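I have a structure I would like to understand better, so I am pasting it below and will then ask my questions one at a time.
Letters A, B, C, D, E and F mark the chains in the order given here, with residues in each chain numbered from 1 onward.
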Amino acid sequence: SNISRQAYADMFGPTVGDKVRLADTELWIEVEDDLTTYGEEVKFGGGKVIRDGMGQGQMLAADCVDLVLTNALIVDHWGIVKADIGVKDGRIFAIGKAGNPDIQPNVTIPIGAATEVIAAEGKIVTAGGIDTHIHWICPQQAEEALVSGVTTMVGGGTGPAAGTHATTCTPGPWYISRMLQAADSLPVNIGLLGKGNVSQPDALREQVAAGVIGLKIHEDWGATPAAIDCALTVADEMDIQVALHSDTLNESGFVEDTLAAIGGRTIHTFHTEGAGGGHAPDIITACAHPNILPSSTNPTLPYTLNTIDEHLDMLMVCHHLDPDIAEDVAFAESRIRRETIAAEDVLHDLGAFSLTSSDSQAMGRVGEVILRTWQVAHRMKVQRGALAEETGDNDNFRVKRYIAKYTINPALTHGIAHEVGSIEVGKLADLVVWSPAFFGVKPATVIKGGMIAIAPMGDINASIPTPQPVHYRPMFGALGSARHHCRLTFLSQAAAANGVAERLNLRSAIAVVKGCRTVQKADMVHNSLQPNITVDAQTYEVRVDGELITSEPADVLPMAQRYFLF
Amino acid sequence: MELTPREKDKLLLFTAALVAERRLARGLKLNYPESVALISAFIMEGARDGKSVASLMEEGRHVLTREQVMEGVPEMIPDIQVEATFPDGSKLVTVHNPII
Amino acid sequence: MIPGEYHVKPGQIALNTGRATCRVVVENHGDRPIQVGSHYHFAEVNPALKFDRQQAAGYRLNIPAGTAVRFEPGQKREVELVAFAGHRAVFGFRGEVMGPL
Amino acid sequence: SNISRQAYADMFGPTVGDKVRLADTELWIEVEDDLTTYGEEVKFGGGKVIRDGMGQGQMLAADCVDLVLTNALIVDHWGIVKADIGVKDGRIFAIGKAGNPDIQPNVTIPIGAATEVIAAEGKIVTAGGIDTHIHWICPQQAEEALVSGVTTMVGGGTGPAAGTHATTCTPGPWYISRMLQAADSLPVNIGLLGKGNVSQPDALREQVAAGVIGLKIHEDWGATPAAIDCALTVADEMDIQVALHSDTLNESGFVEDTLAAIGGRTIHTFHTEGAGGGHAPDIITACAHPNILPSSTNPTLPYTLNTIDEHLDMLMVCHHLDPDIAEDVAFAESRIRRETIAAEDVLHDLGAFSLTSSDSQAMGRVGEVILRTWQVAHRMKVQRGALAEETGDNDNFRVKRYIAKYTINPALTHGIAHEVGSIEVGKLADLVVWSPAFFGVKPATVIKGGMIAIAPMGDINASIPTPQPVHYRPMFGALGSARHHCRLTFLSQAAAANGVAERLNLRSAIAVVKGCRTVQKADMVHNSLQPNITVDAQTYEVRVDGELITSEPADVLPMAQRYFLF
Amino acid sequence: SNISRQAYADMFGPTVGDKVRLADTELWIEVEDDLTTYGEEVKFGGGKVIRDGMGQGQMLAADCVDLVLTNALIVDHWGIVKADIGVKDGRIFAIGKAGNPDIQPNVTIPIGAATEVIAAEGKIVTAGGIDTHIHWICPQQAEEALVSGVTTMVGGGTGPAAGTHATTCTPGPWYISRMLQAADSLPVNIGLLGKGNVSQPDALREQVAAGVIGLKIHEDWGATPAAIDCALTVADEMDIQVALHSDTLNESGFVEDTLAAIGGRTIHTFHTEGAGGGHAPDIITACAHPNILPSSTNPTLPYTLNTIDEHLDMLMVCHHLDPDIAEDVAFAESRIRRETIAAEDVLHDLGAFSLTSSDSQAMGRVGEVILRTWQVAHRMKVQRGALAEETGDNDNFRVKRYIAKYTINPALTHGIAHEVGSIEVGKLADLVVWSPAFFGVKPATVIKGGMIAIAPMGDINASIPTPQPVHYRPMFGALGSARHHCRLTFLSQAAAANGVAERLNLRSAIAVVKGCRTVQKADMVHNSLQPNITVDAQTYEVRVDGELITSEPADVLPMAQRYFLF
Amino acid sequence: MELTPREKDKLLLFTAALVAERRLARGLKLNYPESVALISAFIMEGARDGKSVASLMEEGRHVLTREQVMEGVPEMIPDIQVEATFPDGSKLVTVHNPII
């Protein structure tokens, strides 16, 4: 019995050696391996395989998975593979071959009466994204991020207040407690950041004991060497992460003075290119250091013809500068530089910048972390060709390097990779299903802890779920007590030990951060480069080993006008 | 009017079609959501006029051509489905390969 | 450019390789159509299908997973069967086996 | 003192012998009896009857009702009567005459300081509908069904997953637990169905102990004689109902083989006509049997000029058949038959089919169970004239026969008639108020357990609640803790005994199903016919006692374009 | 170091002697005092004052505020002053000078690491409004009132039922319990009113023990002297307030008979002008009495060219009168009088009417209490000029007199002024921030118990929160458990003592009403006038000390077409 | 169409602009929300046409004049900001002092 490869791909999705274009980009993935036994694929439907005594077995619930995603094309940092995925108790159980061991060979994912089916043939499955630069300006950001494929949000804020508009800080025990209570209502995993800017350590320990998983040092609260040293000393004691937005004004010192204050301790540098904030014009040189985990925020990704024009008039409204005063124009030409914006794209392609993030509603777009990551990968393929690590006639390595930037690398940086960040056994089943034509833009299904949380849904009164209008609507995984079971609130070790969850009557599942101080640049998956980088104080030119690092701005991008109504 | 949720939901589809109608009038090549909205709204008005399901399954294939949409848009739309109140109640119209 | 397009490698895939197979002639003696799926225990199909049931014990249709063979009333055809694998335990269907073999 | 009958009807609603047209149909109801004492009617408003010492008495809360619906025209399986309705502790207290026993005669519903008033003069009041074929594809179905007049939803699913798109199954203890938790958030009473397709009884007992009130046997999971026998054996042990979608393919046997496997045990056959699924072409013959409770799903109700055209292209998308392959066209002409669709309408009129249901977003329309039931009654009156049971110059008996199909008969079938399904003393006060011009289409008020849950509501900022735009909006009975007090989650006896409600921290009121195994066709109110029915294997013609059963398709229906914006 | 006053006002908001126009009215406020030390103002932002060691100190959370509103222009009954406002533990901590005592002088509001910042320079801050005439017709009224600047709602009802459409009554223990449970879901503080119309005191005591904070006596339930006496006797025993809508029909007696039944006991007269209800034509004379706290409802505020036309056809639909019957036209000319509507505006200006309120969706507009209060003040300034109490070239006294009508006076009347109603130390931090151009119309931020509850918010996916469309969206203070911590449910003393909050599992913070019986007209802040008022039985002319009290109708108002889309 | 929340939110802005467009056509002087909606919608259509951010920052100042709006409306609008999908992705357009 034989089938043509074209008919096989139409029924079960692609197999080994077949290639798929990602959305409307020039990126092609090639299936590296396929865990099936040809002829034994499981398919659900009228007269299909998954039926009593056939592809479905006689086992009790304890001996089979709760959910199987059939014939998935997995794209993750470790491989691009065709396999079935099994989920049990809200966690990833196995990546392998599903079915009934009574009549089928090589079954590692048993399907029984207790198993639900998601048909993933012809779809791409990825881990849920992790955005670590959220400003909690409004709760509506959670649904916007979730629809985009982001399932964990780390950040700070109290709502639309001046402090939060500017910084990712949830200030003090009272607001930390209230925001942890509000977090139970949102269908994403959440961790909060406290205000790190203080020179008295007890004012920081109080915030960590209240529940924050990190501290943000922001220049708007004074990013001085004394405050940086204080926050890092506390972070080393309490195993939490520090995020930094450095002194753009060079008021307290230059970039080398900030780096000396850090003193080789682990830190996450936000918007490392610098438009989002930081020592002018050379904060970008921080990516050379082994203890620095560098991220980009998204408006500078990728460099386009309209980037500067929006950025030059963005900074003029944010800080109320006005183009009439010469000293404010000199300040505008200080955070906004064509030279560092263009270099940042290349540094992502080389693996010198390790994470992508939004900077939500505070010089960043909450629904565009994933889409912009892929637009940078596309523009780099077009300008630079194949990476040196690339094997075969495909972009598999570039794809693995870029997916790590919004999945596993933010998880490792924030001490939550034991729970989320990748499709690996034992991790929370936060999964995103994509049709290849809409990859990175509009997902087909977003799963939170084993339950569908949001999905495109057609007319509620229709005879099927596909008729128009189709728009994203919350599902059962986003409702009340089911939502509480399917999401995590992350706490510091001190807060968990002190019974913060019981005192505040938090309803969601709780997880604890760990391993924040031992992570270094060498641990960033596929993005561990420490370049010998310099920035010219006069021209702002970025050089790596004396070679100019630059790129050309795009006039048109993929994942843009073909897909969006506005 | 005593609008039910399904009636309010169809107002969203009608509004999205107005956006597309105005862009097509300017001479733009339509994108994916604009094309879906425009064809869907045409079908709902055909049901209101009292056209049959069989007539609309055919007429819906002649609203937009490949020359009026962006590259790849026809392949992104293998079919369009929409329900509306015909004189004989709600019915489903499925238009196969609407853009050629 | 077609968004999400495949570039499928040309060729063929061989199904259920290295497994025991047999061919049986089947005739639908009923007055209503019968359709059988790829993984159904062939010896326990609708009694109106006439064939050597002893030869079909422990076998299923040797066709792509999730496909079917249709038998219109009075239709006769030769089908190819492939042996079950795994534990080779049959439960369900018409309740004729309910155990190993 | 005398008043003309025309002036009386304008002030208090119709009385004995007056007739009312149902919406824009040809159906007329005649008031059979009136429980008032003429001159002693209660009316609320400025200078009206319900006032201290007048129509309102001096009694304490324990001695008066919480809510009175004044001057209601009740339409229920037992009568079409004019009466006041009293509600106390969320339940129906009495059907009778309201007022103050201190000054009024024949008062059976005392009104006191603790009584709220709903003015029902000129309105029709019915029980809330019960839809037993829900696919839990999305939570938005609950508000859509509630707005239509359905207050109880029985079904299965986990969200928009392949298994749920096709079947009413909530598979396994983990998903059953999560869906019971999600049910607290929805303003309808809910019972869940598990996956019945397995040949090992312990895999079924586990699901019933987790909380399901029934098991669905669906052909997409293998509707074989062994799985049917297994599910019925467990149902007989645990007092739960089995719902069946039989083997359309005739893969395991023909309809007579399925009926032999059932072996005279009680079962609910879904979409008994067969377009929705079942032995081709003769599953409809199941309505002859005493142990079968047969329902229809709604796209085939009533038979119209566009029915086939939508159905022939509905099945082609649902199963991905394509009109090019001849064997798929032979399969299309196998579930979709003009002959059985046309016969089904008549079998409803004769009382051979006992229930109506949706099959929500899975070959069925969730907001149209009630509307389509009345469209069938109208088309049958037009084609067939008066029923043999009809007395008087009215359609009272036909109306009682049809209302039973979506109220009491689904309640009896699913073992919940002790709590809901009719306007009878002691039952939960799930009531729907209709203006006669909008009967069956758009209700005036939907009451859940004694509180208004949803209603049309005008401009929130207006000086009155009537100015435009008027659209359905959730009320206090749909909010948080008040919603929990006003809805029921139904559990199996095993789950209630095992403390499932306490373990899952369910917040809503709990009710237990009972009497699922003893109900038979003879118990179906006004719909107990067991016809001697045959289906010709070649032509598909349906005959009862050798007489052809057919009907003509409608070109135009009532309850359609006059009422809906789209 | 010197700065011009114009540059100072642009950076920090106005100071002593500067004037501000309220929205597009002719009302001007003058800054009376400024609590700052010039040069030591706190400002937040990049390179600004509130930074570690500068304007932010080293203190622990217990020693600094949770939130500071910087450079606010406060408008309250006690003054129009420029100051910083500190909030701690959800309550107002201090009105004064914020900063860091380590380097700044005269600091009374310490800012530390635990402090969030709201930038109020150039904004007006007021207390949240208190509407005491709510009909709970639908829950959507809560968001509408909150967006308008009202943070406490007192009223009665059960949803869209005839009793509630007409009266502010929550009848009986069962509905009182359900509405207290529903109140946890709404982002406003709530107190409920029971049905006061009964002549048996135990039927009233039962309702107060169940949780109501007052009793409404409404003519639609019989506003007879026996029912009034009964409700007041119970109110005197249980320290709750009575609200009265008197006998318009003069069925039981005239206004003097109702006043004799009251017998000098404290009572709140709703819609004292009378269009909203009351003895025709002279209920307005009740404002002469020391024990009467008189309010207006809002459709008659101010008198305009369209007032009567809407009111004459409003009463014709509400009571179903019809213009054909002469006795119904005589009834229409009985509640609707040009003479009392025109006099009411003047009586507000003189301080004879003390409160404003809506009468929500029952002859009143829930989102217009504040806007209409300011339109009356504007029309009175235009017609009457300066008040006799006015000092300076400004309208400060008129502004203090009018703001008291919807803030402190409703709070004193209902026994809740210990918790809310003004910007005073120890009170709940329910605060509203306004841009002067939108004062009274569209607020910039609404704070509930120290958390932002609702605010205008731009595109969720935008790079900043200001891009279009900007519309009001709920914030974190309106979500789940954070909402419960930030709102109050008011109970009677009896209900609190009896453990009603624990029995019903109420989740919100609880407060108890007190001091309802001792409040009198002389306690109404800036609105204590007891005029010698008469109404001519034939012409309806209102006279005070024999002088005709009248006003001219407006053809155009401010706070209207310049601001609203419809 | 698979409309995201941000796409649905922009439908509200488009509808508000339709209200304003019809009133301006009647010869009315526009108010504050009408003026904001009309200018914002113009910018979104300019982005759809493929105009640059710099061109729209200037062109947006010539949609409405002081004579077409109510007294005080220009002073109530110091700037208008809106984002839309340009050919090169989402960008922010800020129009300073749009009504003169």
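Operating definition for what follows: contacts are C-beta pairs under 8 Å (C-beta built on N, C-alpha and C of every residue); 3 or more make two chains touch, one makes a residue touch a chain.
Here is each chain with its UniProt name: A, D, E = Urease subunit alpha; B, F = Urease subunit gamma; C = Urease subunit beta.
Using CA-based centroids throughout, the chain positioned farthest away from chain B (Urease subunit gamma) is E. Mean C-alpha position of chain B (Urease subunit gamma) lies 49 Å from that of chain E (Urease subunit alpha).
Spacing of chain B (Urease subunit gamma) relative to chain F (Urease subunit gamma), judged by their CA centroids, is 27 angstrom.
Rounded to whole angstrom, the centroid-to-centroid distance between chain A (Urease subunit alpha) and chain F (Urease subunit gamma), based on C-alpha atoms, equals 33 Å. Here the spacing of chain A (Urease subunit alpha) and chain C (Urease subunit beta), counted between their Cα centres, is 45 Å.
In chain C (Urease subunit beta), the positions touching at least two other chains are 1-3, 5, 35, 37, 40, 68, 91-93.
Residue positions 460-464, 466 of chain E (Urease subunit alpha) are each in touch with at least two other chains. Looking at chain B (Urease subunit gamma), residues 5-6, 10, 12, 16, 19, 32-33, 36-37, 72, 75-76, 81, 90, 92 sit in touch with two or more other chains.
The chain pairs satisfying the stated touch condition come to A-B, A-C, A-D, A-E, A-F, B-C, B-D, B-F, C-D, D-E, E-F.
Residues of chain E (Urease subunit alpha) touching chain D (Urease subunit alpha) in their complex: 136-141, 144, 158-166, 171-175, 178-179, 181-182, 184-186, 194-195, 197-200, 202-204, 206-207, 219-222, 224, 226-227, 248-249, 251, 299, 310, 314, 317-319, 361-368, 504-505, 507. Every residue of chain B (Urease subunit gamma) that touches chain A (Urease subunit alpha) in the complex is listed here, in rising order: 5-6, 9-10, 12-13, 16, 19, 31-34, 36-37, 40, 70, 72-73, 75-76, 80-83, 90, 92. The residues of chain C (Urease subunit beta) lying in touch with chain B (Urease subunit gamma) in their complex are 1-3, 5. For chain C (Urease subunit beta) in complex with chain A (Urease subunit alpha), the residues that touch the partner chain are 1-17, 35, 37-41, 60, 62-66, 68, 80, 82, 84-93. Residues 24, 437, 458-464, 466-471, 561-566 of chain E (Urease subunit alpha) touch chain F (Urease subunit gamma) in their complex.
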